[PDB]
Amino acid sequence: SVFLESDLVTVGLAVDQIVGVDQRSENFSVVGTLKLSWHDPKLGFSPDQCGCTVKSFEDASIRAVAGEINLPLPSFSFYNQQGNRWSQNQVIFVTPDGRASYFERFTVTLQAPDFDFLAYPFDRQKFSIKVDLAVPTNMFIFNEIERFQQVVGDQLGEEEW
Amino acid sequence: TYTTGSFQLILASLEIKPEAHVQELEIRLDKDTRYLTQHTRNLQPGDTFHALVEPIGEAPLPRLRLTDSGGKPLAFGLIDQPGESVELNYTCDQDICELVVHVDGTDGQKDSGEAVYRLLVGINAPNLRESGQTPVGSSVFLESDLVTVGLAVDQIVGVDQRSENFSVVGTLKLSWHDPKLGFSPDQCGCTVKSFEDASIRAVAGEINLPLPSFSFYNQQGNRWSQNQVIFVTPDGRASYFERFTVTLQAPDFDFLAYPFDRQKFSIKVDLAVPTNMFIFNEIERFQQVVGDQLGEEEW
Amino acid sequence: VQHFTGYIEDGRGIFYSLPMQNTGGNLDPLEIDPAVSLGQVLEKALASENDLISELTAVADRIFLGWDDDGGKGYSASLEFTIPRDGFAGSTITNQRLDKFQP
């Protein structure tokens with residue numbers, strides 16, 4: 001190909017549980033896991049020097065590792081996030097073949113401006129979790145969706161929603 | 001006690017042969033495990049490495065390979081003329097080269113059930129089989145570090161039944177033995193090295209050696225840690241102590257039988273490092289788990 | 001001294017005029033360019049037993065008199081080289097993954 005092709009990243013989101021719903025300010029807090037996986041050979045390395053098959057970044061977002069590597073990376077953001085997201089198990093794995101993966105377990109309060117409580121308690125709501133790539137389409141694009149684990153998940157006991 | 005460390009002086013030889021020693025491993029191939037790798041020591045130049053896997057309960061004949069630290073091939077596997085068992089031999093040419101042995105049924109991907117294989121791996125030993133004095137020598141594989149963990153709960157601070165979480169305060173103790181953390185007390189003039197107000201990740205970052213960093217799996221928000229301390233002894237013994245107030249998310253609250261429901265408060269501490277590096281070996285009962293409180297209690 | 005910068009998109013091969021480490025990437029470096037030989041050694045390596053070490057000295061040896069395979073910074077030694085009479089970097093089939101040997 002003669003044109004510069006946008007990098008392909010596969011994204012997967014799963015929801016462990018719906019932590020809460022605030023119906024007056026119209027937001028909802030959800031905890032789950034987010035996985036990203038792309039292939040940028042510029043991230044590659046020779047395993048002869050480091051002596052290992054994986055390079056690991058921990059407790060740092062994609063923006064921070066991009067800043068300390070100075071190469072473009074598919075940084076993202078929760079579009080309707082309120083306040084500071086609580087991230088844990090945040091990790092980035094890079095292989096010599098350029099395969100890079102990002103994993104995060106997040107508790108996030110997302111603002112929902114489409115709550116229609118006119119039919120309460122018979123109303124049915126749409127909890128939309130939007131993850132926007134912070135980089136333009138010409139650089140990275142969400143290509144496909146990874147079903148690494150079930151989206152809704154299984155909980156013991158009943159549930160409000 | 002004797003002491004170990006790296007020094008400099010302001011060569012000769014040892015006997016006529018380097019120390020030779022072999023060990024064994026029972027590797028289980030199942031549906032969730034169709035591949036395994038094991039790391040080895042430095043293997044000073046001139047040392048020879050021998051590997052041989054055989055099947056016990058069947059004859060699947062899993063393939064073997066031997067690569068470097070990064071996975072570059074160094075030795076392949078050729079089946080012997082007699083039936084069953086395989087033989088692999090490799091002599092290094094560079095100093096401080098780590099070897100990883102790979103066992104895989106890449107061609108034998110058919111699934112029937114769990115299988116067991118006996119793998120004999122030795123260094124400097126040209127022995128055809130185990131022969132004798134197998135455990136007298138040192139281990140040839142890189143062994144995961146052993147850490148003892150102890151958790152105690154001072155009290156249950158609170159339970160939030162709508163968001164399904166609970167806040168608990170307690171104490172956590174970790175204790176391992178990594179000689180790379182050791183030091184000579186001649187320089188510092190003390191028998192303990194102390195790190196304070198810093199998590200294991202931070203001290204690992206400022207020492208640049210692997211340490212058994214952990215995390216509360218279901219933690220919500222920032223854990224409140226105090227008395228956070230790490231003690232290191234010259235003999236490599238390291239201990240971590242923390243008093244924590246943590247809000248843990250509990251997705252297994254079943255309030256269908258309230259107020260007759262009985263709940264399970266699960267406090268999970270996950271090691272942030274892989275099993276091949278550190279493993280929780282045993283549990284330290286340094287103090288009572290539930291603890292004693294004056295007055296009644298909601299839970 | 002003579003120093004030439006080198007980079008190939010896939011390591012297919014670049015000759016040098018005759019009248020070492022790597023700056024980056026996963027490349028493991030080592031008068032006609034063998035084109036199909038890449039394909040034959042690729043297919044031969046897969047589903048092969050007790051040969052993956054062997055194909056190197058078996059087939060890639062016919063570029064002889066210049067066999068100075070770096071394979072990493074382990075060598076770290078220059079070669080004066082010799083010319084008998086008066087008168088392709090990278091592409092060394094290796095492995096990187098640890099959970100599965102995929103050349």
# chains A, B, ... in the order shown; residues from 1 in each chain; ligands from 1
$ residues_around --residues "residue 93 (chain A)" --least-positions-apart "4" --cutoff "7 Å" --atoms "only C-alpha atoms" --output "list in words"
residues 54, 55, 56, 57, 100, 101 and 102 of chain A
$ write_last_selection --atoms "N, CA and C atoms" --output "short mmCIF file (atom, residue, chain, number, x, y, z; two decimals), in the first residue's frame"
data_model
loop_
_atom_site.label_atom_id
_atom_site.label_comp_id
_atom_site.auth_asym_id
_atom_site.auth_seq_id
_atom_site.Cartn_x
_atom_site.Cartn_y
_atom_site.Cartn_z
N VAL A 54 8.52 -9.77 27.10
CA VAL A 54 7.47 -8.77 27.29
C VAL A 54 8.06 -7.55 28.00
N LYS A 55 7.63 -6.37 27.57
CA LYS A 55 7.93 -5.12 28.24
C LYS A 55 6.67 -4.65 28.94
N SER A 56 6.78 -4.31 30.22
CA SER A 56 5.62 -4.02 31.04
C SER A 56 5.65 -2.58 31.53
N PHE A 57 4.51 -1.92 31.44
CA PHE A 57 4.28 -0.62 32.07
C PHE A 57 3.12 -0.77 33.04
N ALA A 100 0.91 -4.83 21.25
CA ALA A 100 0.76 -4.11 22.51
C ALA A 100 -0.66 -4.29 23.01
N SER A 101 -0.79 -4.49 24.32
CA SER A 101 -2.07 -4.69 24.98
C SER A 101 -2.14 -3.82 26.22
N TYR A 102 -3.32 -3.25 26.46
CA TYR A 102 -3.60 -2.43 27.62
C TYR A 102 -4.76 -3.06 28.38
#
$ interface_residues --of "chain A" --to "chain B" --cutoff "8 Å" --atoms "only C-alpha atoms" --output "list in words"
residues 17, 19, 20, 47, 48, 51, 52, 53, 86, 107, 155, 156, 157 and 158 of chain A
$ write_last_selection --atoms "N, CA and C atoms" --output "short mmCIF file (atom, residue, chain, number, x, y, z; two decimals), in the first residue's frame"
data_model
loop_
_atom_site.label_atom_id
_atom_site.label_comp_id
_atom_site.auth_asym_id
_atom_site.auth_seq_id
_atom_site.Cartn_x
_atom_site.Cartn_y
_atom_site.Cartn_z
N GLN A 17 -20.33 -5.10 37.47
CA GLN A 17 -21.60 -4.78 38.12
C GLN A 17 -21.88 -3.30 37.94
N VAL A 19 -22.52 -0.25 39.92
CA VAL A 19 -22.31 0.14 41.31
C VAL A 19 -23.50 0.94 41.83
N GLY A 20 -23.96 1.91 41.06
CA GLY A 20 -25.10 2.68 41.52
C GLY A 20 -25.66 3.54 40.42
N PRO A 47 14.74 -8.73 22.01
CA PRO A 47 14.80 -9.36 23.34
C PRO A 47 16.22 -9.69 23.80
N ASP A 48 17.23 -9.47 22.96
CA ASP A 48 18.60 -9.74 23.37
C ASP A 48 19.04 -8.81 24.50
N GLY A 51 16.42 -9.23 27.64
CA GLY A 51 16.41 -10.61 28.09
C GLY A 51 15.05 -11.14 28.46
N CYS A 52 13.98 -10.53 27.97
CA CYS A 52 12.63 -10.98 28.26
C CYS A 52 11.76 -10.79 27.03
N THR A 53 10.65 -11.51 26.99
CA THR A 53 9.75 -11.48 25.84
C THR A 53 8.63 -10.46 25.97
N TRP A 86 -11.43 5.54 38.86
CA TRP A 86 -10.60 4.73 39.75
C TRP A 86 -10.11 3.52 38.96
N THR A 107 -13.52 1.72 38.00
CA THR A 107 -14.77 2.17 38.60
C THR A 107 -14.96 3.61 38.16
N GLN A 155 -24.03 -12.25 38.72
CA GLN A 155 -24.00 -11.80 40.11
C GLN A 155 -24.86 -12.71 40.95
N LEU A 156 -24.48 -12.87 42.22
CA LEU A 156 -25.24 -13.66 43.17
C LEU A 156 -26.17 -12.74 43.95
N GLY A 157 -27.44 -13.12 44.04
CA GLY A 157 -28.46 -12.27 44.61
C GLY A 157 -29.15 -11.43 43.56
N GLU A 158 -30.24 -10.79 43.98
CA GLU A 158 -31.00 -9.95 43.07
C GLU A 158 -30.29 -8.62 42.85
#
$ atom_distance --atom1 "CA of residue 28 (chain C)" --atom2 "CA of residue 58 (chain C)"
19.1 Å
$ closest_atom_pairs --of "chain C" --to "chain B" --cutoff "9 Å" --atoms "only C-alpha atoms" --output "CSV"
residue,atom,partner,partner_atom,distance
C:47,CA,B:107,CA,7.7
C:49,CA,B:77,CA,6.7
C:50,CA,B:78,CA,4.9
C:51,CA,B:76,CA,7.1
C:52,CA,B:76,CA,6.7
C:53,CA,B:76,CA,6.4
C:54,CA,B:76,CA,8.9
C:71,CA,B:72,CA,8.9
C:74,CA,B:94,CA,7.5
C:75,CA,B:94,CA,8.6
C:94,CA,B:72,CA,5.4
C:95,CA,B:72,CA,4.8
C:96,CA,B:71,CA,4.8
C:97,CA,B:71,CA,6.0
C:98,CA,B:71,CA,5.6
C:99,CA,B:35,CA,6.8
C:100,CA,B:35,CA,7.4
C:101,CA,B:71,CA,8.0
$ write_last_selection --atoms "N, CA and C atoms" --output "mmCIF file, in the first residue's frame"
data_model
loop_
_atom_site.group_PDB
_atom_site.id
_atom_site.type_symbol
_atom_site.label_atom_id
_atom_site.label_comp_id
_atom_site.auth_asym_id
_atom_site.auth_seq_id
_atom_site.Cartn_x
_atom_site.Cartn_y
_atom_site.Cartn_z
ATOM 1 N N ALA C 47 6.055 -27.436 11.200
ATOM 2 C CA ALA C 47 5.840 -28.884 11.213
ATOM 3 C C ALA C 47 7.136 -29.641 10.920
ATOM 4 N N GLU C 49 10.700 -31.383 12.930
ATOM 5 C CA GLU C 49 11.250 -31.887 14.179
ATOM 6 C C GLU C 49 12.747 -32.110 14.023
ATOM 7 N N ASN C 50 13.520 -31.611 14.990
ATOM 8 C CA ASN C 50 14.976 -31.769 15.012
ATOM 9 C C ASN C 50 15.617 -31.221 13.739
ATOM 10 N N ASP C 51 15.039 -30.148 13.204
ATOM 11 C CA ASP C 51 15.560 -29.507 12.004
ATOM 12 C C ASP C 51 15.670 -27.994 12.110
ATOM 13 N N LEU C 52 14.892 -27.346 12.987
ATOM 14 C CA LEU C 52 14.837 -25.887 13.031
ATOM 15 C C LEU C 52 16.208 -25.269 13.266
ATOM 16 N N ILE C 53 17.036 -25.904 14.093
ATOM 17 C CA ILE C 53 18.423 -25.473 14.224
ATOM 18 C C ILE C 53 19.188 -25.747 12.935
ATOM 19 N N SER C 54 18.858 -26.846 12.256
ATOM 20 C CA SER C 54 19.680 -27.350 11.163
ATOM 21 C C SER C 54 19.526 -26.579 9.856
ATOM 22 N N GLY C 71 23.222 -11.734 16.055
ATOM 23 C CA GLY C 71 22.279 -12.364 16.956
ATOM 24 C C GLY C 71 22.114 -11.671 18.287
ATOM 25 N N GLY C 74 25.650 -9.881 22.361
ATOM 26 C CA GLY C 74 26.531 -10.809 23.047
ATOM 27 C C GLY C 74 27.931 -10.845 22.470
ATOM 28 N N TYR C 75 28.057 -10.683 21.151
ATOM 29 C CA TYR C 75 29.376 -10.703 20.527
ATOM 30 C C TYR C 75 30.179 -9.465 20.907
ATOM 31 N N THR C 94 14.193 -16.638 13.464
ATOM 32 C CA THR C 94 14.359 -16.831 14.894
ATOM 33 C C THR C 94 12.974 -16.938 15.515
ATOM 34 N N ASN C 95 12.925 -16.881 16.841
ATOM 35 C CA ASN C 95 11.672 -16.869 17.574
ATOM 36 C C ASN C 95 11.742 -15.809 18.659
ATOM 37 N N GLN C 96 10.593 -15.223 18.965
ATOM 38 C CA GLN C 96 10.480 -14.226 20.020
ATOM 39 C C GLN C 96 9.490 -14.616 21.101
ATOM 40 N N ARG C 97 8.367 -15.220 20.729
ATOM 41 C CA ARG C 97 7.361 -15.603 21.706
ATOM 42 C C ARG C 97 7.881 -16.715 22.609
ATOM 43 N N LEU C 98 7.389 -16.727 23.844
ATOM 44 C CA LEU C 98 7.769 -17.740 24.816
ATOM 45 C C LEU C 98 6.688 -18.781 25.052
ATOM 46 N N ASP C 99 5.419 -18.423 24.864
ATOM 47 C CA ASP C 99 4.311 -19.344 25.064
ATOM 48 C C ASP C 99 4.036 -20.223 23.852
ATOM 49 N N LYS C 100 4.669 -19.943 22.714
ATOM 50 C CA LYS C 100 4.505 -20.755 21.514
ATOM 51 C C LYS C 100 5.622 -20.460 20.524
ATOM 52 N N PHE C 101 6.297 -21.498 20.042
ATOM 53 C CA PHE C 101 7.402 -21.322 19.102
ATOM 54 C C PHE C 101 6.829 -21.111 17.708
#
$ residues_around --residues "residue 92 (chain C)" --least-positions-apart "5" --cutoff "9 Å" --atoms "only C-alpha atoms" --output "VMD selection string"
chain C and resid 11 27 to 30 56 69 71
$ closest_residue --among "B:40, B:184, B:148, B:127" --to "residue 7 (chain B)" --atoms "only C-alpha atoms"
B:184
$ closest_residue --among "A:94, A:43, A:139, A:50" --to "residue 74 (chain A)" --atoms "only C-alpha atoms"
A:139
$ interface_residues --of "chain A" --to "chain C" --cutoff "7 Å" --atoms "only C-alpha atoms" --output "mmCIF file with N, CA, C and O atoms, in the first residue's frame"
data_model
loop_
_atom_site.group_PDB
_atom_site.id
_atom_site.type_symbol
_atom_site.label_atom_id
_atom_site.label_comp_id
_atom_site.auth_asym_id
_atom_site.auth_seq_id
_atom_site.Cartn_x
_atom_site.Cartn_y
_atom_site.Cartn_z
ATOM 1 N N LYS A 42 6.762 0.031 15.763
ATOM 2 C CA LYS A 42 7.671 1.010 16.341
ATOM 3 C C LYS A 42 7.845 0.814 17.840
ATOM 4 O O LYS A 42 8.836 1.284 18.408
ATOM 5 N N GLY A 44 8.392 -2.076 19.007
ATOM 6 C CA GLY A 44 9.139 -3.306 19.124
ATOM 7 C C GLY A 44 10.521 -3.104 19.711
ATOM 8 O O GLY A 44 11.041 -1.993 19.814
ATOM 9 N N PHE A 45 11.121 -4.221 20.109
ATOM 10 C CA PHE A 45 12.450 -4.221 20.695
ATOM 11 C C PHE A 45 13.097 -5.568 20.426
ATOM 12 O O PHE A 45 12.422 -6.547 20.100
ATOM 13 N N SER A 46 14.416 -5.609 20.559
ATOM 14 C CA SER A 46 15.143 -6.864 20.452
ATOM 15 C C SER A 46 15.240 -7.508 21.827
ATOM 16 O O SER A 46 15.778 -6.885 22.751
ATOM 17 N N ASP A 48 17.228 -9.473 22.956
ATOM 18 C CA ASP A 48 18.602 -9.740 23.367
ATOM 19 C C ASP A 48 19.036 -8.814 24.496
ATOM 20 O O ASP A 48 19.720 -9.246 25.432
ATOM 21 N N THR A 53 10.647 -11.509 26.989
ATOM 22 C CA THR A 53 9.755 -11.481 25.839
ATOM 23 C C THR A 53 8.632 -10.459 25.968
ATOM 24 O O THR A 53 7.851 -10.304 25.025
ATOM 25 N N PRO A 96 8.095 -8.045 21.332
ATOM 26 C CA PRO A 96 9.040 -7.640 20.279
ATOM 27 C C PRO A 96 8.411 -7.550 18.902
ATOM 28 O O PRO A 96 8.856 -6.737 18.082
ATOM 29 N N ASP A 97 7.387 -8.348 18.621
ATOM 30 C CA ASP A 97 6.715 -8.306 17.329
ATOM 31 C C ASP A 97 5.775 -7.116 17.190
ATOM 32 O O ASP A 97 5.026 -7.051 16.210
#
$ atom_distance --atom1 "CA of residue 90 (chain C)" --atom2 "CA of residue 57 (chain C)"
15.9 Å
$ select_by_dssp --residues "chain C" --states "alpha helix (DSSP H)" --output "list in words"
residues 36, 37, 38, 39, 40, 41, 42, 43, 44, 45, 54, 55, 56, 57, 58 and 59 of chain C
$ decode --residues "region 11-88 of chain C" --atoms "C-alpha atoms" --output "mmCIF file, in the first residue's frame"
data_model
loop_
_atom_site.group_PDB
_atom_site.id
_atom_site.type_symbol
_atom_site.label_atom_id
_atom_site.label_comp_id
_atom_site.auth_asym_id
_atom_site.auth_seq_id
_atom_site.Cartn_x
_atom_site.Cartn_y
_atom_site.Cartn_z
ATOM 1 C CA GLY C 11 14.472 -7.244 6.290
ATOM 2 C CA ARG C 12 14.152 -8.732 2.803
ATOM 3 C CA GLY C 13 17.694 -7.710 1.893
ATOM 4 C CA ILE C 14 19.973 -4.814 0.952
ATOM 5 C CA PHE C 15 23.394 -5.366 -0.592
ATOM 6 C CA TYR C 16 26.498 -3.304 0.155
ATOM 7 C CA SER C 17 29.127 -2.009 -2.262
ATOM 8 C CA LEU C 18 32.628 -3.489 -1.890
ATOM 9 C CA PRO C 19 34.663 -2.231 -4.889
ATOM 10 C CA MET C 20 27.415 -4.242 14.468
ATOM 11 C CA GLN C 21 24.307 -3.522 16.554
ATOM 12 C CA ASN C 22 20.693 -2.460 15.984
ATOM 13 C CA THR C 23 19.289 1.008 16.642
ATOM 14 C CA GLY C 24 15.770 -0.289 17.274
ATOM 15 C CA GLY C 25 13.118 -2.842 16.464
ATOM 16 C CA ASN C 26 13.109 -6.604 16.878
ATOM 17 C CA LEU C 27 15.526 -7.180 13.992
ATOM 18 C CA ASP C 28 18.142 -9.903 14.479
ATOM 19 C CA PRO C 29 20.838 -9.232 11.859
ATOM 20 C CA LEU C 30 23.430 -11.623 10.474
ATOM 21 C CA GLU C 31 25.600 -11.745 -5.701
ATOM 22 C CA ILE C 32 21.935 -12.721 -6.096
ATOM 23 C CA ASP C 33 19.043 -12.247 -3.678
ATOM 24 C CA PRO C 34 17.193 -15.529 -2.952
ATOM 25 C CA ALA C 35 13.523 -14.542 -3.089
ATOM 26 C CA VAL C 36 11.582 -17.821 -2.939
ATOM 27 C CA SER C 37 14.087 -19.198 -0.409
ATOM 28 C CA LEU C 38 12.261 -17.176 2.241
ATOM 29 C CA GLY C 39 9.082 -19.076 1.399
ATOM 30 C CA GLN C 40 10.676 -22.518 1.306
ATOM 31 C CA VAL C 41 12.465 -22.042 4.632
ATOM 32 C CA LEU C 42 9.265 -20.591 6.113
ATOM 33 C CA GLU C 43 7.160 -23.609 5.149
ATOM 34 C CA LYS C 44 9.926 -26.109 5.957
ATOM 35 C CA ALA C 45 10.380 -24.689 9.464
ATOM 36 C CA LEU C 46 6.722 -25.274 10.326
ATOM 37 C CA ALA C 47 5.840 -28.884 11.213
ATOM 38 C CA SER C 48 9.507 -29.876 11.464
ATOM 39 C CA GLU C 49 11.250 -31.887 14.179
ATOM 40 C CA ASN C 50 14.976 -31.769 15.012
ATOM 41 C CA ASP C 51 15.560 -29.507 12.004
ATOM 42 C CA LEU C 52 14.837 -25.887 13.031
ATOM 43 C CA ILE C 53 18.423 -25.473 14.224
ATOM 44 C CA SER C 54 19.680 -27.350 11.163
ATOM 45 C CA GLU C 55 18.153 -25.457 8.215
ATOM 46 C CA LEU C 56 20.427 -22.480 8.905
ATOM 47 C CA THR C 57 23.682 -24.347 8.291
ATOM 48 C CA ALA C 58 21.875 -26.466 5.685
ATOM 49 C CA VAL C 59 20.541 -23.830 3.278
ATOM 50 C CA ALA C 60 21.651 -20.354 4.395
ATOM 51 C CA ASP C 61 25.328 -21.363 4.308
ATOM 52 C CA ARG C 62 25.649 -20.522 0.592
ATOM 53 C CA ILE C 63 26.366 -16.876 1.364
ATOM 54 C CA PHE C 64 29.619 -18.122 2.870
ATOM 55 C CA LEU C 65 32.828 -16.141 3.530
ATOM 56 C CA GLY C 66 30.628 -13.483 5.186
ATOM 57 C CA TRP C 67 29.016 -15.453 8.014
ATOM 58 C CA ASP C 68 29.211 -12.978 10.915
ATOM 59 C CA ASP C 69 25.796 -13.517 12.512
ATOM 60 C CA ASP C 70 25.426 -10.991 15.335
ATOM 61 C CA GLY C 71 22.279 -12.364 16.956
ATOM 62 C CA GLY C 72 22.475 -9.680 19.637
ATOM 63 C CA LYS C 73 24.982 -7.635 21.615
ATOM 64 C CA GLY C 74 26.531 -10.809 23.047
ATOM 65 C CA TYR C 75 29.376 -10.703 20.527
ATOM 66 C CA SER C 76 30.327 -7.007 20.842
ATOM 67 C CA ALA C 77 33.554 -7.618 18.913
ATOM 68 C CA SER C 78 34.735 -6.262 15.571
ATOM 69 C CA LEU C 79 36.034 -8.486 12.771
ATOM 70 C CA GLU C 80 39.035 -7.512 10.654
ATOM 71 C CA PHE C 81 37.910 -9.892 7.859
ATOM 72 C CA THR C 82 40.058 -11.417 5.100
ATOM 73 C CA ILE C 83 39.844 -11.408 1.299
ATOM 74 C CA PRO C 84 40.979 -14.704 -0.313
ATOM 75 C CA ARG C 85 41.222 -13.380 -3.878
ATOM 76 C CA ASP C 86 40.830 -10.019 -5.581
ATOM 77 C CA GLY C 87 37.262 -8.945 -6.293
ATOM 78 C CA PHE C 88 21.187 -9.358 3.149
#
